[PDB]
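Quick notes on the structure that follows.
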Amino acid sequence: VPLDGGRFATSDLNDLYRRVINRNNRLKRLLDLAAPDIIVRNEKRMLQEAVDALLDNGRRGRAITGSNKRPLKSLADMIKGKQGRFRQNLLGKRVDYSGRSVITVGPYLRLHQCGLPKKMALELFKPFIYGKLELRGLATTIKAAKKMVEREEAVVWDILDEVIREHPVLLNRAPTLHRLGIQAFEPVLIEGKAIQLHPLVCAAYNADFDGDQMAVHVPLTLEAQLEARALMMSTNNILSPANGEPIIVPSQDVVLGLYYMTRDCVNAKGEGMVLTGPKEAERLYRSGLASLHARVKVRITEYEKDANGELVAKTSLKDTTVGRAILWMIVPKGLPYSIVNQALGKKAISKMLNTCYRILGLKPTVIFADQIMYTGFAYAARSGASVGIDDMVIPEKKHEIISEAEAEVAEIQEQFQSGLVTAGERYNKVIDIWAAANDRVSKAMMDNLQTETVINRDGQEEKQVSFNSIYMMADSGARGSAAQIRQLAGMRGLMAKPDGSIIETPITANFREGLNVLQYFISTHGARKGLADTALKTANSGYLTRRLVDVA
Amino acid sequence: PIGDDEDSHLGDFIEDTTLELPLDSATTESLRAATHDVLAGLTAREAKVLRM
Amino acid sequence: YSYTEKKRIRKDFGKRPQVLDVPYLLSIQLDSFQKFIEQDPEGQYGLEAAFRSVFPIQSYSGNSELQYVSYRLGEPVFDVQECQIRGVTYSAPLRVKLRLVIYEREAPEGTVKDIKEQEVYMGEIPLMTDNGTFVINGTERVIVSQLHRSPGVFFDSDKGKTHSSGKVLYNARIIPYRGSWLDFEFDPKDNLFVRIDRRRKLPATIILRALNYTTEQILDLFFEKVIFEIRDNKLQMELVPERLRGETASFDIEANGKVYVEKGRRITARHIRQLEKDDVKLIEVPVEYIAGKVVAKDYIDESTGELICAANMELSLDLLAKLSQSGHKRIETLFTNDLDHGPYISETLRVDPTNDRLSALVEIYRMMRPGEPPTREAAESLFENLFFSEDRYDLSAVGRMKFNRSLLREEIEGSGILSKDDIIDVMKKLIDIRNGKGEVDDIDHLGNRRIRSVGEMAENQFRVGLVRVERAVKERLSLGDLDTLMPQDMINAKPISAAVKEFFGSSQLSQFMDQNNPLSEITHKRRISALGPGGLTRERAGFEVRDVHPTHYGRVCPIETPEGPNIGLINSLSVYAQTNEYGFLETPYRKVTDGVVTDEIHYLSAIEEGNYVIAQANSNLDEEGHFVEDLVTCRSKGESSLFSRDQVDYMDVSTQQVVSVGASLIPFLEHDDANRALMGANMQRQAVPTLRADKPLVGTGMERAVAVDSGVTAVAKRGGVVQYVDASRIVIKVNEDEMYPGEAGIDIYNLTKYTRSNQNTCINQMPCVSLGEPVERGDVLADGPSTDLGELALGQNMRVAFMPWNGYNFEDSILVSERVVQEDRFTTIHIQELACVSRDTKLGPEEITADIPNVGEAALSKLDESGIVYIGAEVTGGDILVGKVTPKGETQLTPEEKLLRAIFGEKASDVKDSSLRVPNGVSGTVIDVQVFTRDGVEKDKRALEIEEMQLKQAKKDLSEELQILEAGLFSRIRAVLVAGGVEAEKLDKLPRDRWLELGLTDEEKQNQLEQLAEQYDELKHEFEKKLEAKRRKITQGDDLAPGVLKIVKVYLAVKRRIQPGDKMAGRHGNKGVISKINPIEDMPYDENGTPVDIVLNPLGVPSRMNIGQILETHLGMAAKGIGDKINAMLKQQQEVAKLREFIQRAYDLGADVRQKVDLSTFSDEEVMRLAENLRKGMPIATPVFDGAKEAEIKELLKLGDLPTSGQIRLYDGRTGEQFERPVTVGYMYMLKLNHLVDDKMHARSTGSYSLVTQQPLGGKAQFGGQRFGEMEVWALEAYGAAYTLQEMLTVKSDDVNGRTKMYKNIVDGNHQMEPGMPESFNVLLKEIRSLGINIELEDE
Amino acid sequence: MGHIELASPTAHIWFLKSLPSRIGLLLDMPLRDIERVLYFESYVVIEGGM
Amino acid sequence: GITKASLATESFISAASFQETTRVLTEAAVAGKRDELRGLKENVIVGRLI
Ligand SMILES: [Mg+2]
């Protein structure tokens, strides 16, 4: 076919059939002229090579093309492989009525709906807009409808809001491993150019918002709309197919807002006062008379399913906090009060959603997950939970333990220069005493973080769990655990060289202190090995998924 | 191959110019409908001659 | 300090006195290409090396020989700006003086009949620009330096993996620089083997038999001889006592009266030393010990000549009785052992089939070109042309150096080809490695890694061109006539220029310069790739090449590599590292004496590093150079250990030598994890240049080297007084002492205005100096993109609060106030280049007329009378820039359309609108229009208008060049005439023509007048001839593609601001997408009332272990606190003594530092401009691993009025009530990465379709389609969705009827699909059916 | 679709060079001898009597 | 195993869509094998309901 410029693109099959036709005509011409036997045996071998290069090139000396060193592409090259018709154009096709843009948060959504830009919604839904405009008579013909949606007149946006209203789109992130990678939503139109994606859904996608971009597809026909609503709407998939655990688990800001909201310090405003219910708990917190967390007797009324699907009510004075009572308005009718009477980390809130689904069905769990996300973001904003440089307390017992270990390695050094030990038992003793020093540093820094807040009420003193920022961000299960908190406050581990052997001189400096050049240079190897392993394990996990689905 | 040696070869970029756009098919359908409605409005001989 | 150094002096922490400053950061490129193209008088690397190597060309013994004289490069026809406009290579011709001789009859030493010596053209080679950039086809390209295995000899192990026996093998390898390889390897049973390639395993000793060696001297070279003498009886054994080490004897060895060695006892070395002291030479053994020995040489009978035993045969008692009767009492046996001397060569001889030289050559010639029968002289010429010919095999000087070094030779020079001693010594060394002594090597070690560069690779491709042409010259000179030609008809310049243009135009090592940041240029030029030709690939290699070896310290940056498919194969060259003479890496160290660290520095390579022991940069020493302890941390051989005070050999130079220039501009890099530091330094390239430049408050002090020593800013070459400042040009009056005597003049620097960078950003230069200002030599005058005052300003510094704010910062998201977007402080400028070609079809030629069928006049009001858009009309998506129509015919109209035409009589026109249009959804201004036209075609009106515009611009600009240059020259003439014959008031009345011819005393002053006069007249004539040359370059035609009439290029300048969906990033690797752009009313604000601009998320900081962004945030708050205190003291009009006091206290501030300052500056004029430059915030340098600690940040915050803890209480913008737990606010320097959202967003209703399979082709702005690949089809199978999948891969994608049926049904408002069959499955049926395989579909 | 009348016949590479070779174990003949026949290096009897 | 129980299948398009293709098409071409579309791989291939 002609490219622009008078120069053509041929497929290499034209070369192959040209070579086969050429040598066939040559062999007919030779058998006309009664050639000697060496020549026709040469020509029959050549015709064998030409046909065998046409059917599957690569099982011979790889007959290359003209004006190029690159080997050409035969028929079995077009069937077989990553670029064959079986895997590039039959099992997966590029599809119209699709779009692609950068994703972002937008926490003001219920989870049956996602944001979608006006410009993408105009470009995707063009034939729908054409149909409604020629139905409503604003465009006499369809070319007028083209020019009306081209000029973007003010009448088409009401039309587009009519064609969106109950029409689910499909959102898709590119590593679509498990079946929650394609989910439907109902679009809310956005002044902007970025798809707003509901936050609780993102843990299903393995989508962080660090620049990853997603794709929307549009169910055209009516059965596909009903499939995307009945089977693939986001409110249907709140349980994983891998296990019965919730996949719409609240992820990071919301669990921090909860863990700040439901806790108790021994002295706060309104300590030990009495409250008639959750409503004046909210009136006390939002007026500023009583604090968010202070232990308080309240009166709450919990319902239960004691009889056959019947909501038996019991009311009592529970001894709780203020913030727990404020969260109690959001719990539906069926659940007992003991689901909000603890500290509510990430495990506890997953158990909360699991019990709400296994009791009240689907609808209160969906609207309950939306209300949890809203109140988590709101009281995380009211928390002001902020990391800082004073938030990482270094133990006073750090350098003392490091000096003791530095004397003990000198002891083992003198015991090896005295010829008393061999090399391997020396090595094992030194690595055991550095691991012992690291464990003492860990048990020093944990007791210097978690109970460091000591304050007073109607007496001398009392200790409690700490309101350190990084301790809340590690205890809530929002981000990271005590391994990374250990690598920020105490010494970081014992690094391993490219042998897989492990160095006798560990990194006795955290990140709050500086690292000098040699320690950081040793740490770089572990970082680069980690990155290379994540890439290679991604590839092998893809291959394992493909074999497992194609066997089953 | 175009650059970076991906599965992107030159063949995946060549557009088809022998198809007709589907909007032109929509115009042709609506034009046949409109002309049929207009030729219904004529007489018998005029519509028959103009179709023939 | 210099003049801009005291303009805004940066506060600098850090405790190590820098003794070697940062070198010229582009030295690899420029020094390599200076080695390439330079007249070297010797066989030094360059073009001279390639010519003197491949020449003389001689005929096929026809006594006609072509030899070499010299070369020369002409000046380019086109300067760099016109070259980027037009599209040619920025190249230079290559003139070569060649000399042809022909000899006479029976006189090989005799006189030639004639010589023919002339110049000849052989291709154009591209020149490097002043910055390290080549221009090949309109674009500006960089050749990345390559890393590969050094040519030489490598002794690898390849442990374990062969046949799972637990045994290690050993393989030696000779890797040439150009030729065939060589391998030696063992097998699981102790037999040596040779490989001439990766071809079949051949027995080893045959290559010894290929070098004219019999079994005798092979066993002589590889073994020592044990002599059995029969001293009158009993077959005794001569003894050296060292031979008995570690052994066990089968009998009693007795020497001089006493039985020392007992039967069945292992021999202790006490016995050996007693035998040494007892003067023991020859002892008595039984006849049974010779049962295991092997004879050395051939033993025969003398008279009869019959063979007693041939060489390499074990000795039984029968052979002993045969050698007793012939009379020979001398027996030569081979000394063997299981540990010391292994009998490997004897076993290899017993495996080997051949015996003599000829069968060895026959075996090699049969085993390299198999299937054909051999021939003696062809085999001799083959084995000549494998390893011993000067043509097809070559080790360079580097090859011979490593080949002598790893064999522990003495000389470091030698021939390129091998020799017998070379191969035999490699085999000896391999047998010694197998015998337990010596060590293997490792390929990750940077002493066995050579770094290539641009000059070497261009030289090698040039040598490819020269051998490809010398084949033709040998063909011609074999048929060479006597006198019919000057010696240029023999040579074709198509292959030479073809090879060098093929290398610079198409390779994996030659790529488009990333040019959106000065850092990105200066780190793409400093890149060490391991890919490309002659190197490993991503599929084949490999893990140890990806990993970091301990010899990368100070040579290759470990924390900068592109995370992705190729990790570690795309390494970056460290800051202080240079390239050795032999090509290896070498790094600076400070020489240490007895105890005193001397400021002299020695560059050490990798294999020279391991001998010494090297101290730490982070050490502490007094003024006398003594270390403060008695023990210091060091590294000896890849091992960090604490050594003594005076055992050290070298100190590290500075704290920064382990990282690159990309990573060293991350402050507090010692406080981040290496993962996020890798990501931060990986993304610090990708900042778009913002509309201003805004001075990173937390810098590292490496910013000025990257700013100056890149190519974007304009560095002054000769200092002086600034005469003239304009946005277009800066005109410098040079001082008297820095001025040459001849060619007096003044300097002029033409700035580059708004123009197109390769990544569509706008590279621009702006003057930073004012009128009448003193400048130093080497001082910045014009800031480039992303540069302020000669610093590097990649992005802008903004007030940051780390708090979760209503979930809008959920995963990693950033949330920005409207105070940023109202200030346009992230509004960037992009330049796109839209093009409209106008070809000649075979239906007719295309036109650029303004008349377009079926458009409105309002759509064409933005066009001229010529049909090409005006300069400076803001267009949107869909406007017509170049009205172009293509002729068409043969409409093939339908029914009722033909009825309609008949009814209304409207002619279906003979033409089609194929005009150039703006892409879907951008805006901006048309700033530059070019019209390229083939010569011989009528130029339209706007083409002549652009030609008249450029002609007047060039003539006005060159007249301004000559006028201001001679204004400086006449101002020098007036300074000459005042000394020695002044006319104070008389001179300025009489004209400028009568200054050159006024009389004056004969001195150096009259000679000076003669010089200035002839320079005036020469510049006049040079002006005239170069104006005529510039006019003939502009007015002439332009080369185009074959069969295109004219090209109209239109440059849009889009001004893209910011919107939710963009990406921003600090320098620590905290990515984020802007999510909501709030008004100022909703931001958190502190008690002073200043609204924070960006609210990040704190939850990323414990998880991702980059704690240094918090420290950078606190120190940014400190910097802007000092800036606000200075702004308050300037707004109150405090006197300059108070400002001097406060700036003095701000610059003293801390531990022992490296930052002595004023009072030496001027009273007002330097201090007040410094305070004017510090009112936006006093900057802080933090040298990378050595800089500011926490306590200095606390003591700097105490200078401000800020709290020590660095956390202010903040008030919510909406509820107006205080946040509990006061939050961290500060000033983080953040960057706008060029993953903007409007380049990423598109959608498709229905567009084009691919030809061979009827599917919508993917891409942008080809309207693409999000590929619903194989895993997504599995996902829809995993649901119950089946109608979705049926329309997802039949109707929406593939079916040629189904998509149009669907479009009709949709515009009728009837949601329904008629599925049919996919088209690509029908293609699959035709492809299998077009094999011999019948595939069908069946009955019902 | 089209066709080409091949003058001399030609072995199909898929039934000759895949690892479970079909002409190979259909005639019960080793593959190197079959390629030796097809490249005109040798002969083979075709039901040549007894 | 999963790479061998997936190709030993009574339906050759599911045995030819991912793994070694040439051996599967020749093994099913000498056998005259008939594929009854049987199980979602062929129905994604042939473009009908699942
Ligand atoms: Mg991501």
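Within each chain, counting starts at residue 1; across the structure tokens, chains are named A, B, ... in the order shown, with ligands numbered 1 upward in that order.
A distance cut-off of 8 Å from ligand 1, applied to only C-alpha atoms and all ligand atoms, picks out the residues residues 207, 208, 209, 210, 211 and 212 of chain A.
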Shell around residue 81 of chain A at 10 Å using only C-alpha atoms, local window under 2 positions removed, as a PyMOL selection string: (chain A and resi 76-79+83-88) or (chain E and resi 17-21)
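All of the residues in chain B within 8 Å of chain C are residues 12, 13, 14, 15, 16, 21, 22, 25, 26, 31, 32 and 35 of chain B, where only C-alpha atoms were counted.
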Contact residues around residue 19 of chain D with only C-alpha atoms at 9 Å, ignoring same-chain residues under 3 positions, as a PyMOL selection string: (chain D and resi 16+22) or (chain E and resi 23)
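In chain E, the set of residues within 10 Å of chain D (atoms considered: only C-alpha atoms) is residues 22, 23, 25, 26, 27, 29 and 30 of chain E.
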Those in chain B with helix (DSSP H, G or I) from DSSP, as a ChimeraX atom specification: /B:3-5,10-12,22-40,44-51
Output C-alpha atoms for every residue in the selection just made, as a JSON list (two decimals), in the first residue's frame.
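Generated output (part-v2.json):
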[["chain", "number", "residue", "atom", "x", "y", "z"],
["B", 3, "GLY", "CA", 12.52, 2.63, 17.54],
["B", 4, "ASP", "CA", 13.11, 0.99, 20.99],
["B", 5, "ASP", "CA", 12.71, -2.52, 19.39],
["B", 10, "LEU", "CA", 5.77, -0.39, 10.92],
["B", 11, "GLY", "CA", 2.72, -2.52, 10.15],
["B", 12, "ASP", "CA", 0.76, -1.43, 13.20],
["B", 22, "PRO", "CA", -19.46, 5.19, 9.77],
["B", 23, "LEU", "CA", -20.79, 8.74, 9.88],
["B", 24, "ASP", "CA", -20.94, 8.67, 6.08],
["B", 25, "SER", "CA", -22.95, 5.46, 6.36],
["B", 26, "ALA", "CA", -25.31, 7.25, 8.75],
["B", 27, "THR", "CA", -25.70, 10.09, 6.24],
["B", 28, "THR", "CA", -26.40, 7.59, 3.46],
["B", 29, "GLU", "CA", -29.05, 5.82, 5.56],
["B", 30, "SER", "CA", -30.77, 9.08, 6.53],
["B", 31, "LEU", "CA", -30.56, 10.32, 2.95],
["B", 32, "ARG", "CA", -32.23, 7.18, 1.60],
["B", 33, "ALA", "CA", -34.94, 7.57, 4.25],
["B", 34, "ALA", "CA", -35.52, 11.25, 3.42],
["B", 35, "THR", "CA", -35.55, 10.70, -0.34],
["B", 36, "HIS", "CA", -37.98, 7.80, 0.05],
["B", 37, "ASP", "CA", -40.29, 10.00, 2.12],
["B", 38, "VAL", "CA", -40.06, 12.80, -0.45],
["B", 39, "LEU", "CA", -40.64, 10.54, -3.46],
["B", 40, "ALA", "CA", -43.64, 9.15, -1.60],
["B", 44, "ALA", "CA", -47.31, 7.65, -9.27],
["B", 45, "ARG", "CA", -45.78, 8.39, -12.67],
["B", 46, "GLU", "CA", -43.37, 11.07, -11.42],
["B", 47, "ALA", "CA", -42.00, 8.87, -8.63],
["B", 48, "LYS", "CA", -41.85, 5.82, -10.91],
["B", 49, "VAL", "CA", -40.00, 7.74, -13.64],
["B", 50, "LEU", "CA", -37.64, 9.33, -11.14],
["B", 51, "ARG", "CA", -36.81, 5.96, -9.59]]
Identify every residue of chain C that has at least one atom within 12 Å of any atom of chain D, counting only C-alpha atoms, and report the result as an mmCIF file with N, CA and C atoms, in the first residue's frame.
data_model
loop_
_atom_site.group_PDB
_atom_site.id
_atom_site.type_symbol
_atom_site.label_atom_id
_atom_site.label_comp_id
_atom_site.auth_asym_id
_atom_site.auth_seq_id
_atom_site.Cartn_x
_atom_site.Cartn_y
_atom_site.Cartn_z
ATOM 1 N N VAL C 1323 -8.857 -13.984 9.037
ATOM 2 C CA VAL C 1323 -7.461 -13.870 8.624
ATOM 3 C C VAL C 1323 -6.664 -15.086 9.082
ATOM 4 N N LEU C 1325 -7.862 -18.123 9.577
ATOM 5 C CA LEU C 1325 -8.248 -19.194 8.661
ATOM 6 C C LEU C 1325 -7.532 -19.087 7.332
ATOM 7 N N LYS C 1326 -7.407 -17.880 6.781
ATOM 8 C CA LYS C 1326 -6.682 -17.774 5.520
ATOM 9 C C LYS C 1326 -5.189 -17.999 5.689
ATOM 10 N N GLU C 1327 -4.641 -17.790 6.884
ATOM 11 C CA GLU C 1327 -3.213 -18.017 7.082
ATOM 12 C C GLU C 1327 -2.897 -19.491 7.284
ATOM 13 N N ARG C 1329 -4.940 -21.867 6.216
ATOM 14 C CA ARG C 1329 -5.358 -22.413 4.934
ATOM 15 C C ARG C 1329 -4.336 -22.124 3.844
ATOM 16 N N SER C 1330 -3.569 -21.041 3.986
ATOM 17 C CA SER C 1330 -2.498 -20.769 3.041
ATOM 18 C C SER C 1330 -1.216 -21.499 3.389
ATOM 19 N N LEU C 1331 -1.241 -22.342 4.408
ATOM 20 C CA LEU C 1331 -0.239 -23.378 4.581
ATOM 21 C C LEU C 1331 -0.751 -24.616 3.859
ATOM 22 N N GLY C 1332 -0.134 -25.765 4.111
ATOM 23 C CA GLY C 1332 -0.723 -26.992 3.612
ATOM 24 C C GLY C 1332 -1.845 -27.536 4.472
ATOM 25 N N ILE C 1333 -2.298 -26.785 5.464
ATOM 26 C CA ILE C 1333 -3.242 -27.303 6.438
ATOM 27 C C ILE C 1333 -4.652 -26.873 6.070
#
Contact set, chain C to chain E: 9 Å, only C-alpha atoms, as a ChimeraX atom specification: /C:1273,1277,1281-1283,1285-1287,1289-1290,1315-1318,1321,1333-1335
Output file for the residues above (C-alpha atoms, as a compact mmCIF listing (two decimals), in the first residue's frame):
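Final file, part_4.txt:
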# COMPACT_ATOMS: atom_id res chain seq x y z
CA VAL C 1273 -10.37 -10.98 28.74
CA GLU C 1277 -14.45 -14.43 31.82
CA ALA C 1281 -19.95 -10.98 31.86
CA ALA C 1282 -20.37 -12.56 28.45
CA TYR C 1283 -22.27 -10.02 26.35
CA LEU C 1285 -16.90 -9.70 26.07
CA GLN C 1286 -18.83 -10.55 22.90
CA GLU C 1287 -19.14 -6.89 22.02
CA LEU C 1289 -13.88 -8.36 20.88
CA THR C 1290 -16.26 -8.57 17.97
CA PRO C 1315 -22.40 -10.01 16.29
CA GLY C 1316 -21.37 -12.00 13.22
CA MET C 1317 -17.79 -13.24 13.02
CA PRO C 1318 -14.54 -11.41 13.82
CA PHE C 1321 -10.23 -15.00 12.86
CA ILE C 1333 -3.24 -27.30 6.44
CA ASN C 1334 -6.95 -27.59 5.62
CA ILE C 1335 -9.13 -25.91 8.24
Which residues of chain D are close to chain A, meaning at most 7 Å apart when you count only C-alpha atoms, and how do they look as a PDB file with N, CA, C and O atoms, in the first residue's frame?
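New file iface21.pdb:
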ATOM      1  N   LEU D   6       3.709 -26.136  -8.426  1.00  0.00           N
ATOM      2  CA  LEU D   6       5.125 -26.430  -8.244  1.00  0.00           C
ATOM      3  C   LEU D   6       5.536 -27.496  -9.240  1.00  0.00           C
ATOM      4  O   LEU D   6       4.836 -28.499  -9.402  1.00  0.00           O
ATOM      5  N   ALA D   7       6.663 -27.286  -9.908  1.00  0.00           N
ATOM      6  CA  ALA D   7       7.082 -28.223 -10.941  1.00  0.00           C
ATOM      7  C   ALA D   7       7.616 -29.502 -10.322  1.00  0.00           C
ATOM      8  O   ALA D   7       7.044 -30.577 -10.523  1.00  0.00           O
ATOM      9  N   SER D   8       8.696 -29.396  -9.573  1.00  0.00           N
ATOM     10  CA  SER D   8       9.053 -30.614  -8.865  1.00  0.00           C
ATOM     11  C   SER D   8       8.421 -30.586  -7.482  1.00  0.00           C
ATOM     12  O   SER D   8       8.256 -29.507  -6.911  1.00  0.00           O
ATOM     13  N   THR D  10       7.787 -31.053  -3.328  1.00  0.00           N
ATOM     14  CA  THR D  10       8.522 -30.372  -2.275  1.00  0.00           C
ATOM     15  C   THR D  10       8.010 -30.819  -0.919  1.00  0.00           C
ATOM     16  O   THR D  10       6.800 -30.824  -0.681  1.00  0.00           O
ATOM     17  N   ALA D  11       8.934 -31.177  -0.033  1.00  0.00           N
ATOM     18  CA  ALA D  11       8.579 -31.601   1.310  1.00  0.00           C
ATOM     19  C   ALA D  11       8.040 -30.428   2.114  1.00  0.00           C
ATOM     20  O   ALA D  11       8.574 -29.317   2.047  1.00  0.00           O
ATOM     21  N   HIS D  12       6.978 -30.677   2.868  1.00  0.00           N
ATOM     22  CA  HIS D  12       6.408 -29.674   3.753  1.00  0.00           C
ATOM     23  C   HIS D  12       7.236 -29.641   5.030  1.00  0.00           C
ATOM     24  O   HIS D  12       7.431 -30.683   5.661  1.00  0.00           O
ATOM     25  N   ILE D  13       7.713 -28.453   5.414  1.00  0.00           N
ATOM     26  CA  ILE D  13       8.704 -28.357   6.486  1.00  0.00           C
ATOM     27  C   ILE D  13       8.085 -28.692   7.839  1.00  0.00           C
ATOM     28  O   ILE D  13       8.768 -29.204   8.737  1.00  0.00           O
ATOM     29  N   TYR D  39      17.962 -33.786   0.126  1.00  0.00           N
ATOM     30  CA  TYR D  39      18.961 -32.867  -0.395  1.00  0.00           C
ATOM     31  C   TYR D  39      19.778 -33.475  -1.515  1.00  0.00           C
ATOM     32  O   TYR D  39      20.858 -32.961  -1.820  1.00  0.00           O
ATOM     33  N   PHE D  40      19.290 -34.562  -2.111  1.00  0.00           N
ATOM     34  CA  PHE D  40      19.903 -35.269  -3.231  1.00  0.00           C
ATOM     35  C   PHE D  40      21.321 -35.735  -2.934  1.00  0.00           C
ATOM     36  O   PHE D  40      22.178 -35.726  -3.820  1.00  0.00           O
TER      37      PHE D  40
END
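The interatomic distance for the pair atom CA of residue 1094 of chain C and atom CA of residue 191 of chain A works out to 20.8 Å.
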Between atom CA of residue 452 of chain C and atom CA of residue 145 of chain C, distance in Å (one decimal): 5.6 Å
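Atom CA of residue 340 of chain C is found 14.9 Å from atom CA of residue 267 of chain C.
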